[PDB]
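**Student:** Last residue of the sequence shown: 147 (the entry's author numbering), numbering continuous.
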Amino acid sequence: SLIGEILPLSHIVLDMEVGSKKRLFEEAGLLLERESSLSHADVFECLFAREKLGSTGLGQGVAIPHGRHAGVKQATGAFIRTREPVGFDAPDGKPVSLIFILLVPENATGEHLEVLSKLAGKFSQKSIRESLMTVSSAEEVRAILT
């Protein structure tokens, strides 16, 4: 529901050429920059402070990098489809091509676990991951993710 107001078409990338996970994270800071009240450097540190604890990869080419910060007052996200898979240090050893990033304010945690939990559910389905890997438009991506 709120996933829709959090993922506009302007926050979706369909064919990003990226070589490293570090690179992927830098590009994310840029996408979520300022519209989150934070500089891309701060958005980056926030996502990496968490990735530090361990890979946010869910297994099977999917991942959900995320972070919280007192400066964020409204949840915001983005979706990335890589041209080539990226070594994500995932739980099953396979690289990732589908990345959903989420930046949340530091307040309504419980509600956030909901968004993450629901998303993971969608990603656990083979046919959903297969669609996200073939659809041509960003609108199709949104339709599937919602």
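C-beta: ideal position from N, C-alpha, C; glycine also.
Taking only runs of the alpha helix (DSSP H) that begin and end inside the region 53-130, which ones reach a length of at least 4 residues, in chain order?
**Tutor:** List check, alpha helix (DSSP H) in window: 110-124.
**Student:** Closer than 7 Å by C-beta to residue 50: which residues in its own chain qualify, once you throw out the five before and the five after it? Chain order, please.
**Tutor:** So the qualifying residues of the chain are 68.
**Student:** From residue 121 to residue 59, what distance separates their C-alpha atoms?
**Tutor:** For residue 121 and residue 59, the distance between alpha carbons rounds to 7 Å.
**Student:** For residue 32 versus residue 102, is the C-beta spacing smaller than 9 Å?
**Tutor:** Cβ atoms of residue 32 and residue 102: closer than 9 Å.
**Student:** What does DSSP give as the partner residues of residue 14 in its beta bridges?
**Tutor:** Answer is 81.
**Student:** Enumerate in chain order the residues of its own chain whose CB-to-CB distance from residue 63 is below 7 Å, with the five nearest sequence positions on each side excluded.
**Tutor:** Counting only Cβ-Cβ distances below 7 Å, and skipping sequence neighbours, we find 97, 99, 124 and 130.
**Student:** Excluding sequence positions up to five away, which residues of its chain have a Cβ less than 6 Å from the Cβ of residue 113?
**Tutor:** 105.
**Student:** Less than 9 Å between the beta carbons of residue 89 and residue 22, yes or no?
**Tutor:** Their beta carbons are under 9 Å apart, which means residue 89 touches residue 22 by this criterion.
**Student:** Which first and last residues belong to the alpha helix (DSSP H) in which residue 146 is found?
**Tutor:** From DSSP, the alpha helix (DSSP H) with residue 146 extends over 139-146.
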